[PDB]
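One chain comes next, on its own, written as structure tokens: the form deposited in one PDB entry.
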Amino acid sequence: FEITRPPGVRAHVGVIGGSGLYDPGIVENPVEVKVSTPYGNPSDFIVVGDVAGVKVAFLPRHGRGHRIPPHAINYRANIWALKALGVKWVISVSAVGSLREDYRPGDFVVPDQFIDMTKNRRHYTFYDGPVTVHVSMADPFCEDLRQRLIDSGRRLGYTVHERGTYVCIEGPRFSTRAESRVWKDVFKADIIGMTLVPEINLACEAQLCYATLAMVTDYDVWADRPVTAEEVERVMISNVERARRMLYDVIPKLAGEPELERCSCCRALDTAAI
């Protein structure tokens, strides 16, 4: 079934850019690639090129120009396409709100947990039968990659919070005050966004080593002015150079393979399929 145009393209690391991150810059020797999927179009062309001898595939989850809101993303096509290229590692870069004073706008967070409060994403899996698949996601992120992101941040002198629970909401509207109080005071979540689920579910089912590098862009409803879309975008674009510096530091060190014992999803299917 699988066809790419141009043919024969492969990559080792995938980067899924979120808010503010619509192009890479600069993969060398870039090529725009069309990757067939059983689910139709990924968000945009995938750009494949080289970073210090490592082949990287970049996909803007919202499309170039931020054309696709969180609820309308073809998550299945995006992850299928990256898997079809041969990627082993996936770095997601995302904008998040903070539910705690000490996670400040401009700080990075490398989450370790999530809570799914989405509702309208239509498909939360690749496996609709006849092989029933129930992956374990107790520890949903790839720890090998998490630790490499934290190390890079520290080496560059950036603040990187080493843990966090991400509450994923449906959107596109932001939370009410009453909702935000539930997330913060009842669920004791740390950060909030709209795009993690079902991206992470699908990455795990695909046996990828996936981790999120989140940038705090706002304090949700808790600052004297509530979050707006314009604020999020401005803070992300202001800080995108720091995100790029982290990526160009991390990627050369991903030439090898994830360590199985620090990659919860890397053999996910072995015990998950009935």
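Shifts are known only where both forms have a C-alpha. Just so we're on the same page, rigid core means the largest C-alpha set that superposes within 1.5 Å between forms. One rule holds for the numbers: they count along the sequence shown, beginning at 1.
Beyond what is shown, the protein has a form deposited in another entry; the following relates to that form.
With the core held fixed, the Cα of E261 is displaced between the shown form and the other one by less than 2 Å.
Positional change of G17 between the shown form and the other one stays under 2 Å at the C-alpha, relative to the superposed core. For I26, the Cα coordinates differ by 2 angstroms or more between the shown form and the other one after the core has been superposed.
In the other form, the CA atoms of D50 and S19 draw together by 3 angstroms or more relative to this form.
Shown here is a form in which the CA atoms of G18 and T118 lie at least 3 Å closer together than they do in the other form. In sequence order, there is one run of three or more residues whose C-alphas all shift by 2 angstroms or more between the shown form and the other one, with the rigid core superposed, and it is 18-26.
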